[PDB]
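Student: Got a structure for you, questions after.
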Number of protein chains: 2
Amino acid sequence: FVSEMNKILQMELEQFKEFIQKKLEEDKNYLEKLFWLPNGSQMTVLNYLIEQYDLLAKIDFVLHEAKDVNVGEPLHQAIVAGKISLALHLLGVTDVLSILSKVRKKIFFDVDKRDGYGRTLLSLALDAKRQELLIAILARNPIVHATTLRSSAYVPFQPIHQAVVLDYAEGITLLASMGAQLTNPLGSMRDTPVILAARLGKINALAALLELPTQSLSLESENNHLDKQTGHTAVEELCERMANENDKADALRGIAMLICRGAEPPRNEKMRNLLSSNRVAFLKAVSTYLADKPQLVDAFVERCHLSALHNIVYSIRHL
Amino acid sequence: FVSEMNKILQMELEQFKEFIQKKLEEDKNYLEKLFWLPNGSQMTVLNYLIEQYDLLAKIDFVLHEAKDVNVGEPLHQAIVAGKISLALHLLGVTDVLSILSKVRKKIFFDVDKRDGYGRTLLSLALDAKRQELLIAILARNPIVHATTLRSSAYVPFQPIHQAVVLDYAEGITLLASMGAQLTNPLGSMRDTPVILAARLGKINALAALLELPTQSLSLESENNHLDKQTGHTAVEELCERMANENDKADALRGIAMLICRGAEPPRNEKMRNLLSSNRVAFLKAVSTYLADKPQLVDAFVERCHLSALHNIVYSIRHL
């Protein structure tokens, strides 16, 4: 019945509004009841409208005269199916912070609701890796601390963690402004977003994180990856990535990025020599990371004349 | 940090409010940020308070001065962990319909939100099989049509379907009053709640469904369990349960219940003889189901003198 009838709604605009208005008269709460499909799935009129992808103004009317619009989670299925333009329409919508404050200053759906798989709308927005949609959701003041289970181990992932693993630099820059937790770890190991980006080699996420104040990143703290009794830190965990030469180069970058922003060098002799043995390219990454950031040179060369960076490097200003 | 600190909150009441107020001053939106636990899980102050189970008034204060209380889904974890009294407290709370209209007339948390596993609050309330909690949730006007994936086949289950499979008669009587869909099928087979209760042998759910008007149950409609080209109906599907003698008796009841409420007898000769061959106990179930329901006798004996029930039974009033 639902399919055919809804398929028969491939008709005209005034006739659609009239017919569905007769359904509202016959059944109060008709646009919030879910209906059966030949496969066992259950949809509403709005859901079935979204699954077929003018249909727009009809969707906008169903939005306009419905007691609840979050029923069936239409925005979620719109993002999941990849209908980003449809999602930006449903949401009623250069320096990305200026953009966020802008479209926020250009001032229905509950941006905190989850779907049948327990995924927040922020999780979907980040997974899409689309600036427009993520800014459109963040502009509605959601909770950027709500967690969604990501792995097959069902790990609670916060939007900043998910943004790190996705290597979404712009997402980190956005979520950071909304007050995200940059010092909260993730998973069985105390992998802070810094250590998280360092371990998985997400360099762009590391650079996006380091743009924020270093005092709010906790570059000293260690996780649970363990000699014994003491655990790796973001720099050290990046050094463990150099044993895999296939992605050693990128690792160096991160290490440079960490040391240039003030992170202490590794404490293990071997790893220390690992930076000494390979190579001058560490200082090539320091020089390339210090081109547009001259406010770090004084601290870098200051530490370099002191206390293991002194021995690793050995002047330096001329590179 | 979180554990210890929160464990250190096993202190006193005024000191708790003062300390956590200092946290609110230091961090606006402190009661909505999730925090890491040694296992990888993430909780808030309210979540960690609920996981340990006076703690109450402290929980009530965290509720009182928090920007958002649905963050972390505390009511969901309260129901899942089995802390029913805690859930009834968080919700601020004989003929069950009179009870529902009562506690509704005795007039925060969003009763439509789902958790990390995509389960509505109604799904949890039904799974608990506790009248008090289910009435407490329904009294807040949720959407009784929101579906949650139940099986490992990830089938969308509506609260009336879930109530049927759970054999929750009181839940069916409650959800029916809230405007649930009694004629909407479920799953790959068009198993309406009537056919659903008939197939899985949920007799109490069938009796609860049949208390409602028969015109709104669609006892004639057939599913997709198929000779060929034509499919089983609730009565027929109940007859297929009699081939399994281990639960044949109950099946008879349902059949009686269906035929006494006006459902047509099976159309298959074999199954028809199956009712004739076994037994007079069909009429014992008719007589026991017609004791407190005399308004069905005239229609029953009327149909019995006509058109296959006439042949199956063969007067009848004296049983």
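Convention: chains lettered A, B, ... in structure tokens order; per-chain residue numbering from 1; ligands numbered from 1 as shown.
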Within 6 Å of chain A, which residues of chain B are there when counting only C-alpha atoms? Please give them as a list in words.

Tutor: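 So the contacting residues turn out to be residues 33, 39, 40, 41, 113, 114, 115, 116, 117, 118, 145, 156, 186, 187 and 188 of chain B.
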
Student: Grab the residues selected above and save them as a PDB file, in the first residue's frame with C-alpha atoms.

Tutor:
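So selection-v6.pdb came out as:
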ATOM      1  CA  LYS B  33      31.389  16.900  28.575  1.00  0.00           C
ATOM      2  CA  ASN B  39      38.601   0.873  29.929  1.00  0.00           C
ATOM      3  CA  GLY B  40      38.047   3.305  27.044  1.00  0.00           C
ATOM      4  CA  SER B  41      34.455   4.167  27.930  1.00  0.00           C
ATOM      5  CA  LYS B 113      16.212  10.204  22.032  1.00  0.00           C
ATOM      6  CA  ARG B 114      18.100   6.979  21.358  1.00  0.00           C
ATOM      7  CA  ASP B 115      21.353   5.643  22.774  1.00  0.00           C
ATOM      8  CA  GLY B 116      24.624   4.541  21.194  1.00  0.00           C
ATOM      9  CA  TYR B 117      22.957   1.309  20.053  1.00  0.00           C
ATOM     10  CA  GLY B 118      20.054   3.148  18.414  1.00  0.00           C
ATOM     11  CA  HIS B 145       5.861   4.592  16.062  1.00  0.00           C
ATOM     12  CA  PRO B 156      12.954  -2.446  12.225  1.00  0.00           C
ATOM     13  CA  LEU B 186       6.721  -6.414  10.296  1.00  0.00           C
ATOM     14  CA  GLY B 187       9.732  -7.783   8.475  1.00  0.00           C
ATOM     15  CA  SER B 188      10.194  -9.698   5.249  1.00  0.00           C
TER      16      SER B 188
END

Student: Residues at most 10 Å from residue B:141, counting only C-alpha atoms, excluding those fewer than 2 positions away in the same chain, as a compact mmCIF listing (two decimals) with N, CA and C atoms, in the first residue's frame?

Tutor:
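Dumped everything to result-v7.txt:
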# COMPACT_ATOMS: atom_id res chain seq x y z
N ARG B 104 -0.53 10.65 33.94
CA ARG B 104 -0.46 11.71 32.95
C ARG B 104 -1.14 12.97 33.47
N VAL B 111 12.23 11.91 25.64
CA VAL B 111 11.81 10.51 25.70
C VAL B 111 11.91 9.89 24.31
N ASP B 112 12.24 10.70 23.31
CA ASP B 112 12.40 10.20 21.95
C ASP B 112 13.85 9.96 21.57
N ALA B 136 5.36 5.37 32.92
CA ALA B 136 6.07 6.62 33.18
C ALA B 136 6.62 7.23 31.90
N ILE B 137 7.02 6.39 30.94
CA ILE B 137 7.54 6.91 29.68
C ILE B 137 6.40 7.34 28.76
N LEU B 138 5.38 6.49 28.62
CA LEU B 138 4.25 6.83 27.76
C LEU B 138 3.53 8.08 28.25
N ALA B 139 3.56 8.35 29.55
CA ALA B 139 2.93 9.55 30.08
C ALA B 139 3.61 10.83 29.60
N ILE B 143 6.93 9.16 20.70
CA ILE B 143 6.45 8.63 19.44
C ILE B 143 6.43 7.11 19.56
N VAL B 144 5.23 6.53 19.59
CA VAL B 144 5.06 5.10 19.75
C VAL B 144 5.22 4.39 18.41
N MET B 178 -2.29 4.84 22.88
CA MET B 178 -1.49 5.95 22.39
C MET B 178 -1.56 6.12 20.88

Student: At a cut-off of 9 Å, using only C-alpha atoms, what residues contact residue A:258? Leave out same-chain residues fewer than 2 positions from it and give the result as a PyMOL selection string.

Tutor: chain A and resi 206-207+210+219+234-235+253-256+260-265

Student: Mind dumping the selected residues with N, CA, C and O atoms as a PDB file, in the first residue's frame?

Tutor:
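Below you can see part-v8.pdb, which holds the result:
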ATOM      1  N   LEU A 206      47.412  16.272  13.241  1.00  0.00           N
ATOM      2  CA  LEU A 206      48.380  16.746  14.224  1.00  0.00           C
ATOM      3  C   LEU A 206      48.679  18.228  14.032  1.00  0.00           C
ATOM      4  O   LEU A 206      48.737  18.986  15.007  1.00  0.00           O
ATOM      5  N   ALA A 207      48.867  18.659  12.782  1.00  0.00           N
ATOM      6  CA  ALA A 207      49.115  20.070  12.513  1.00  0.00           C
ATOM      7  C   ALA A 207      47.917  20.922  12.906  1.00  0.00           C
ATOM      8  O   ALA A 207      48.078  22.019  13.458  1.00  0.00           O
ATOM      9  N   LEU A 210      47.968  21.202  16.696  1.00  0.00           N
ATOM     10  CA  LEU A 210      49.046  22.029  17.225  1.00  0.00           C
ATOM     11  C   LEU A 210      48.822  23.515  16.977  1.00  0.00           C
ATOM     12  O   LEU A 210      49.476  24.341  17.624  1.00  0.00           O
ATOM     13  N   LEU A 219      51.057  17.865  25.687  1.00  0.00           N
ATOM     14  CA  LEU A 219      52.026  17.130  24.884  1.00  0.00           C
ATOM     15  C   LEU A 219      52.972  16.291  25.729  1.00  0.00           C
ATOM     16  O   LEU A 219      53.711  15.471  25.172  1.00  0.00           O
ATOM     17  N   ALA A 234      53.414  11.154  22.593  1.00  0.00           N
ATOM     18  CA  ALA A 234      53.117  11.432  21.190  1.00  0.00           C
ATOM     19  C   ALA A 234      54.382  11.456  20.342  1.00  0.00           C
ATOM     20  O   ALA A 234      54.417  10.889  19.243  1.00  0.00           O
ATOM     21  N   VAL A 235      55.438  12.100  20.843  1.00  0.00           N
ATOM     22  CA  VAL A 235      56.703  12.134  20.116  1.00  0.00           C
ATOM     23  C   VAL A 235      57.289  10.731  20.012  1.00  0.00           C
ATOM     24  O   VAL A 235      57.689  10.283  18.930  1.00  0.00           O
ATOM     25  N   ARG A 253      58.067  14.579  10.041  1.00  0.00           N
ATOM     26  CA  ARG A 253      57.281  15.808  10.059  1.00  0.00           C
ATOM     27  C   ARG A 253      56.608  15.993  11.409  1.00  0.00           C
ATOM     28  O   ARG A 253      56.866  16.973  12.121  1.00  0.00           O
ATOM     29  N   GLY A 254      55.784  15.016  11.803  1.00  0.00           N
ATOM     30  CA  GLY A 254      55.109  15.101  13.086  1.00  0.00           C
ATOM     31  C   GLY A 254      56.071  15.388  14.218  1.00  0.00           C
ATOM     32  O   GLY A 254      55.873  16.329  14.993  1.00  0.00           O
ATOM     33  N   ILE A 255      57.157  14.613  14.291  1.00  0.00           N
ATOM     34  CA  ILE A 255      58.162  14.831  15.329  1.00  0.00           C
ATOM     35  C   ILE A 255      58.630  16.276  15.299  1.00  0.00           C
ATOM     36  O   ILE A 255      58.569  16.990  16.309  1.00  0.00           O
ATOM     37  N   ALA A 256      59.055  16.742  14.120  1.00  0.00           N
ATOM     38  CA  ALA A 256      59.424  18.144  13.972  1.00  0.00           C
ATOM     39  C   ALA A 256      58.306  19.039  14.483  1.00  0.00           C
ATOM     40  O   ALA A 256      58.514  19.860  15.385  1.00  0.00           O
ATOM     41  N   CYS A 260      58.920  21.516  17.410  1.00  0.00           N
ATOM     42  CA  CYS A 260      58.879  22.941  17.104  1.00  0.00           C
ATOM     43  C   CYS A 260      57.814  23.668  17.918  1.00  0.00           C
ATOM     44  O   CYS A 260      57.979  24.853  18.231  1.00  0.00           O
ATOM     45  N   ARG A 261      56.724  22.985  18.269  1.00  0.00           N
ATOM     46  CA  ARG A 261      55.698  23.582  19.117  1.00  0.00           C
ATOM     47  C   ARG A 261      56.013  23.457  20.601  1.00  0.00           C
ATOM     48  O   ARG A 261      55.217  23.915  21.426  1.00  0.00           O
ATOM     49  N   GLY A 262      57.139  22.847  20.960  1.00  0.00           N
ATOM     50  CA  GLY A 262      57.576  22.788  22.338  1.00  0.00           C
ATOM     51  C   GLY A 262      57.540  21.424  22.993  1.00  0.00           C
ATOM     52  O   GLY A 262      57.821  21.329  24.194  1.00  0.00           O
ATOM     53  N   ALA A 263      57.203  20.369  22.255  1.00  0.00           N
ATOM     54  CA  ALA A 263      57.182  19.035  22.836  1.00  0.00           C
ATOM     55  C   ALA A 263      58.600  18.535  23.065  1.00  0.00           C
ATOM     56  O   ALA A 263      59.488  18.720  22.227  1.00  0.00           O
ATOM     57  N   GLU A 264      58.810  17.899  24.212  1.00  0.00           N
ATOM     58  CA  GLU A 264      60.133  17.412  24.553  1.00  0.00           C
ATOM     59  C   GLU A 264      60.511  16.231  23.658  1.00  0.00           C
ATOM     60  O   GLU A 264      59.647  15.445  23.258  1.00  0.00           O
ATOM     61  N   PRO A 265      61.792  16.089  23.325  1.00  0.00           N
ATOM     62  CA  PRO A 265      62.225  14.968  22.484  1.00  0.00           C
ATOM     63  C   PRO A 265      62.041  13.647  23.209  1.00  0.00           C
ATOM     64  O   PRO A 265      61.778  13.630  24.421  1.00  0.00           O
TER      65      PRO A 265
END
